[PDB]
Each structure stands twice: as structure tokens, then as C-alpha cells.
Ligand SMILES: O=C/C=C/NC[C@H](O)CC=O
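In C-alpha cells, one chain follows: the form solved without the named molecule.
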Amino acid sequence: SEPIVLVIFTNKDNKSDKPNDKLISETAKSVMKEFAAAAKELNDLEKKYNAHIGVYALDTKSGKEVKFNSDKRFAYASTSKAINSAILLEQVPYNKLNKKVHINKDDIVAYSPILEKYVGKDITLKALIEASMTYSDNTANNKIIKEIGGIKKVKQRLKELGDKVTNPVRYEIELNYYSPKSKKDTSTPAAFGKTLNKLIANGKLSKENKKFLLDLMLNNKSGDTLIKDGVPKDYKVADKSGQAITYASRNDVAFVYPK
């Protein structure tokens, strides 16, 4: 069971529009229909929800790809939490994840339901990753980026994986201030999806780290209305969702195991 990598980014034309998660659900249902040997058009779904859909899906076994506006730019929001987690896990073995880092008042950013209790305390790298992936803790993600070496280093690792599209510029929460006239903190579905395959599904993580990460993603409840909602029952979905502040920017990325 090699997974299918699925990236769905959506947005709407107005700053203050609100997303409908059912759009991603329905998107996921249709695209998955493409991987068997019948399905609504993605166009019709854009019409039905009055929204823009960007999709990239790769069956890592066969190589087959499904693309729809696969090269348009979208704000990725908290879906980058997965990328940042993974990058740190390329560099720290499972058994050294009990290493502790000091958290102080200056590290704290908005929406840190886990980390706000550790001000002035030490937390392990594992709990950081848990916080970031399961609770979408913004302080945890920022500390993770710092542990990797800064935005600086993330950007250089993406270049090494051959992603010259994903453009990280700000930390949480400012990365969520998406503007369609700026490339800041955007990627395209194809770039991001290819990066997720090369970092996680088919990357250099150890089996323990890979497992640890994917377990977080499988057990995350924040994506139940999204791709998880759309694929049949029988499929395991490990996801990381996101939503930016503007233009109803609502996204989900996942590894889909049809078995």
C-alpha cells in the first residue's frame, strides 16, 4: 500500500468570504474516482461552491497524477506544519526526540493551546511536533522552524528537494494574511504535493519518525470534514488541514491509503 498524495487548496474571490468544507469533501470524492481501473467535474464543483479549486494527486505506486489548476498559487496556511515537522525529523532520530528546548514568553504567538502552558518551561521536540500536528499550535510550529535553523533553512531544503515554488516568508500567524497579489507563503498544488512525496512518503525519514508523523496525521480530528469526509470508508487518510485569514483559503493535504 503505497499512498496517494492528495493536495487540495481552495479559495474564493472576496477577502471576507467564508469557506465550505464540503467543497473539499466533494473534491476528494471525485479525484479518488480517477484512481480505480462516475465522477463530477471539478469545474462543476467550482460552479457549485463559487470557489477556486487547485488539486494535485499522485498515486505513488503507479505514478499516475490528477491535476486541476495544479500550477495556480494558493496560501498553504497550516498545511506547512507537516513540511516543517518532516524537515526537523530528517535531522533528529526518533530516539533523540526527548531532547528539550526552553520556551519563553517571547516565543509565544497566538493560538497556542498547548504551548501557552510552557512559558518558562522546557518541552521535548516530540511534544512540540505533537502540539503542532494535532492541535495546530502556532508556537510549536515556529519553534520547530527555529530548531531547523530558521525560515532560511527551510527555504534552502525545499530548493534541494527541487521545489522552487513553495515560498515561505513569514512565521505564524502572519503567514495567514494571504493576498492574491503576493506570493508570500504560497505554493501551487503540484509543487507542494511533489514536496510532500519527496519528504515524507518517499523521503529519508526513518521508519519510526515516518510512523510517528503519519500517526499524528491519521488521528487528527481537525480534518474530519475534509478529505476524510470525501473518500470512502475503507481508506485510511492521514491529513493536515489549514485555513488562512483571508479569501476563504481552506486547504487539506493528505496521504491516502485506499487499503
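When you see a residue number, it is the position in the sequence shown, counting from 1.
We do not show the form solved in complex with the named molecule, though everything after this point is about it.
The shortest heavy atom separation between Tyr111 and the named molecule in the deposited complex is within 4.5 Å. Put simply, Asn138 is close to the named molecule in the deposited complex: some heavy atom of it is within 4.5 Å. Contact check for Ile87: every heavy atom lies farther than 4.5 Å from the named molecule in the deposited complex. In the deposited complex, at least one heavy atom of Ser78 sits within 4.5 Å of the named molecule. For the marked spot (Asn69, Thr188 and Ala191), a heavy atom within 4.5 Å of the named molecule in the deposited complex is absent from each of the three residues. Of the residues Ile173, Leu97, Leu158, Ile103, just one reaches the named molecule in the deposited complex with a heavy atom at 4.5 Å or closer; this is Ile173. Heavy atoms within 4.5 Å of the named molecule in the deposited complex are found in exactly one of 130-138, 160-168, 87-95, 147-155, that being 130-138.
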